[PDB]
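One chain follows as structure tokens, the form deposited in one PDB entry.
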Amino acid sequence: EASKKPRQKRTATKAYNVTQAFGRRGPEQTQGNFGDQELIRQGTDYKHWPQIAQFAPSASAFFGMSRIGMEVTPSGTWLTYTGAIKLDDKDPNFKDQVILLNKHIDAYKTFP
């Protein structure tokens, strides 16, 4: 039931984890690089998910803020995206936010 969904609409959870929904973390251009082993294993059941999720864009923001392209290639047709989301450094939590995000960025380098 979880795996029936198009990839961009999947919701990772302990039962259907980040690796299962979105592939092994890793270094390549269109492979995901985000998550330490606890997030990878728990998905949205991760205890600090909401403090990560506060940075994800709404659908309107996703198409409003991003640089969208379309590439047709031997594998299919791909909607490419790029953008950046500013952290609020007025937020007393800003320090914590950074540390939490950096915990998960490229964390895969540190384990098998």
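Note that residue numbering begins at 1 and tracks the sequence as displayed.
Form deposited with a small molecule bound: not shown, discussed below.
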Do heavy atoms from each of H48, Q51 and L101 fall within 4.5 Å of the small molecule in the deposited bound form?
no
Does the 4.5 Å heavy atom contact test between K95 and the small molecule in the deposited bound form come out positive?
no
Although the partner isn't part of this model, could you tell me whether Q37 comes within 4.5 Å of the small molecule in the deposited bound form, counting any heavy atom of the residue?
yes
May I ask you to check whether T19 falls inside a 4.5 Å heavy atom distance of the small molecule in the deposited bound form?
yes
